[PDB]
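Below is one structure, written out as structure tokens, with a few remarks after it.
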Amino acid sequence: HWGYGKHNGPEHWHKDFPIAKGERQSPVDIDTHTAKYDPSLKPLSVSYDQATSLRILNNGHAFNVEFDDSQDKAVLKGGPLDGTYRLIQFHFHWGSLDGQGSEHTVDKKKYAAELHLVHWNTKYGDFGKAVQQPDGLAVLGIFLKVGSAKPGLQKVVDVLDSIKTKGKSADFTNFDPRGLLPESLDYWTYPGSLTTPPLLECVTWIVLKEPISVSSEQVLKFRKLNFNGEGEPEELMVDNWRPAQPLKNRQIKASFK
Ligand SMILES: NS(=O)(=O)c1c(F)c(F)c(S(=O)(=O)CCO)c(N[C@H](c2ccccc2)[C@@H](O)c2ccccc2)c1F
Ligand SMILES: [Zn+2]
């Protein structure tokens, strides 16, 4: 039922998922002056050299690229994390215009889009068990601004015409997610939640300070996707972001300054 429109969007999600009004909901505005530099935070370790992508799917909310996570390959650790987290999928959130689209904001600034690389804690054995845990997931968030093209994105962009509508999927092998990272791994971190139903409070968020640049043409291709299925009226997949939620009790920590 849920989606991103007037009658089913963010302001409605609490009826099916009352945690929507919980104490550790995401995204949030990152007030960069209030974030605490934490000298005890470790550099983030991103090891994606053996990542194995499997498919790409239009799920009617966004598109996912899912990875084979049955071996110890693409892993996030260090930073604020205890233990090892395995990459399972990435997706994006983006706007109808370049001035909105991100879920997190930085001093109220919205970016054109936001990339989420979703990892589960290997101590829980699989992602379905990990989402039931308060430290089950680590999501790496990367802002996108419009400027110069991101060459590492173009393989994604060029397959989107094959998954235009809800339910469509394709083969999507040998995609290297290292091509979506910025130069710097400096980050903010805080405890939060999934930003889509079921909104589980299971995520350690790690948001990189440095955005990647993508071209205007690359993001225009995201905006040609459809929310609807094949043979329903066409509704462009745009503005699939949840707005910032109350920070409540929480402290955002910075790895830098
Ligand atoms: N922004 S976010 O990172 O919070 C987020 C999304 F915004 C998002 F769009 C997805 S999605 O799979 O692309 C479509 C909505 O379910 C998921 N996918 C969930 C997921 C995938 C892999 C491992 C854990 C969670 C979703 O598929 C899910 C939710 C709850 C329980 C199992 C799986 C997601 F986690
Ligand atoms: Zn997301």
Side-chain angles (χ1 to χ4, degrees), residues 1-5 8-10 13 16-17 19-20 22 24-28 51 53-70 74-76 84-95 100-105 110-144 156 160 163 165-170 172 177 180 189-208 222 225-227 229 237-245:
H1 193 78
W2 75 267
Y4 289 99
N8 64 356
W13 294 346
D16 272 332
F17 306 93
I19 200 82
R24 55 174 286 192
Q25 285 292 294
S26 293
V28 299
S53 65
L54 289 167
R55 304 179 341 150
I56 192 174
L57 163 72
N58 179 332
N59 56 48
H61 308 291
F63 68 88
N64 307 144
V65 173
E66 195 163 320
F67 291 73
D68 170 12
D69 66 344
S70 75
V75 311
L76 184 69
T84 299
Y85 288 73
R86 288 232 177 115
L87 178 64
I88 176 165
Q89 58 112 286
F90 69 77
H91 59 274
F92 298 80
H93 305 263
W94 60 93
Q100 66 196 49
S102 67
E103 298 210 298
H104 293 90
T105 56
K110 296 171 156 75
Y111 285 87
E114 187 172 333
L115 164 60
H116 287 163
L117 294 126
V118 181
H119 310 74
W120 55 273
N121 193 330
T122 59
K123 83 185 178 148
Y124 300 121
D126 70 24
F127 76 87
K129 289 291 264 57
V131 301
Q132 304 179 54
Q133 317 302 326
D135 60 342
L137 296 191
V139 184
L140 183 61
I142 302 180
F143 295 119
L144 281 59
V156 172
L160 300 178
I163 58 158
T165 49
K166 177 179 182 207
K168 304 191 147 203
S169 68
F172 196 65
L180 297 175
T189 184
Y190 71 98
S193 74
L194 302 177
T195 73
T196 49
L199 300 169
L200 295 167
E201 293 183 335
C202 58
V203 182
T204 300
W205 278 93
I206 301 168
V207 180
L208 299 189
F222 286 15
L225 294 164
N226 282 186
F227 284 130
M237 184 178 280
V238 292
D239 297 320
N240 55 359
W241 48 280
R242 190 192 196 188
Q245 298 301 308

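For the single chain, residues carry numbers from 1 onward in sequence order. When a ligand or atom number is given, it counts from 1 through the structure's own listing order.
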Between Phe92 and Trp241, is the ring centre distance below 6.0 Å? no
Between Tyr190 and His104, ring centroids under 6.0 Å: yes
Mark yes or no for whether [X], through its side chain, and [Y], through its backbone, hold a donor-acceptor pair below 3.5 Å.
X	Y	result
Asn58	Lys168	no
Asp126	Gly128	yes
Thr122	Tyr85	no

Distance from [atom] to nearest protein heavy atom, with residue and atom:
atom	result
atom 32 (C) of ligand 1	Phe127 CE1, 4.0 Å
atom 18 (N) of ligand 1	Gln89 NE2, 3.7 Å
atom 31 (C) of ligand 1	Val131 CG2, 3.8 Å
atom 34 (C) of ligand 1	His91 CE1, 3.7 Å

Per-atom filter on ligand 1: closer than 4.0 angstrom to a heavy atom of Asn64 are 11 (S), 12 (O), 13 (O)
Under 4.0 Å from a heavy atom of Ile88: which atoms of ligand 1 are those, numbered in the order shown and with their elements? 22 (C), 23 (C)
Please name the atom of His116, limited to N, O or S, that comes nearest to the Zn ion (ligand 2). ND1
From the options [options], select the one whose nearest heavy atom is closest to [atom].
atom	options	answer
atom 7 (F) of ligand 1	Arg86, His93, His61	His93
atom 10 (C) of ligand 1	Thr196, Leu194, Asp126, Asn58	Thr196
atom 29 (C) of ligand 1	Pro198, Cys202, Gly136	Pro198

The test is side chain to side chain contact (heavy atoms under 4.5 Å, CB included); show your working for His119 and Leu87 and say whether it passes. CA-CA 4 Å; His119 310 74; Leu87 178 64; 3.8 Å; yes
Assess the residue pair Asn240 and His61 against the criterion (side chain to side chain contact (heavy atoms under 4.5 Å, CB included)); give the C-alpha distance rounded to whole Å, side-chain angles, the decisive distance to 0.1 Å, and a yes or no. CA-CA 7 Å; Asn240 55 359; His61 308 291; 5.9 Å; no
Does any N or O of ligand 1 fall below 3.5 Å from an N or O anywhere on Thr195, backbone included? yes
Can you find an N or O of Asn59 that's nearer than 3.5 Å to an N or O of ligand 1? yes
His91 vs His116 aromatic rings, parallel, tilted or perpendicular, using cut-offs 30° and 60°? perpendicular
Does ligand 1 have an atom that lies less than 4.0 angstrom from a heavy atom of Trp120? no
Worked verdict on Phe63 versus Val156 for side chain to side chain contact (heavy atoms under 4.5 Å, CB included): CA-CA 10 Å; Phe63 68 88; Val156 172; 3.4 Å; yes
Protein contact for atom 26 (C) of ligand 1 (heavy atom, distance under 4.0 Å): no
Under 4.0 Å from atom 14 (C) of ligand 1, do we find at least one protein heavy atom? yes
From the options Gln25, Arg242, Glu103, select the one residue that forms a side-chain hydrogen bond (donor to acceptor under 3.5 Å, both in side chains) with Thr195. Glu103
Which angle, to the nearest 10 degrees, do you find at the Zn ion (ligand 2) between NE2 in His91 and NE2 in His93? 100°
